[PDB]
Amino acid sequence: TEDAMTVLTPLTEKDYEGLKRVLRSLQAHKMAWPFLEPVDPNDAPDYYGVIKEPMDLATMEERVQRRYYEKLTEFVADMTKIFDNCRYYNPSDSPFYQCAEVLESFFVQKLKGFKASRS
């Protein structure tokens, strides 16, 4: 199943080309700009004291380029931190919270396509 594959099956070189495509799709999305680089503390009081595990798309790109991820779960966990951190720090009427909702929905669509392609 795709769930077990996601947790257990090591990422191959072919898998990594798919991860790069997924990442580039997210970076190009109209609602991705809040997530392209780390949050600046001057945009968000106490951000780094509140958020335990910050993440952003440039950090994920570096990690993809360095072959940091061994399993798809780990890549999904980093991506999900981006959206969960945003929704945790901000109120639901924040424009950043709204971007997280839209971009995660897009991620989920692309992720399902990638999982289907591994077979």
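Throughout, rigid core stands for the largest set of C-alpha atoms superposing within 1.5 Å between the two forms. Numbering starts at 1 and runs along the sequence shown.
- Rigid core fits of the other structures in 8 other deposited structures of this protein place the C-alpha atoms of one stretch farther away on average; of 62 to 70 and 39 to 47, that stretch is 39 to 47.
- Comparing 108 to 116 with 2 to 10 in 8 other deposited structures of this protein, after superposition on the rigid core, the stretch with the greater RMS C-alpha deviation is 2 to 10.
- According to the PDB record, 7 to 15 carries the higher mean C-alpha B-factor of the two stretches 7 to 15 and 103 to 111.
- For the pair 36 to 44 and 81 to 89, the mean Cα B-factor is higher in 36 to 44.
- Highest C-alpha temperature factor among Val50, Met55, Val64, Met31 per the entry: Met31.
- Sort the chain's modelled residues by C-alpha temperature factor and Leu72 lands in the middle third, per the entry.
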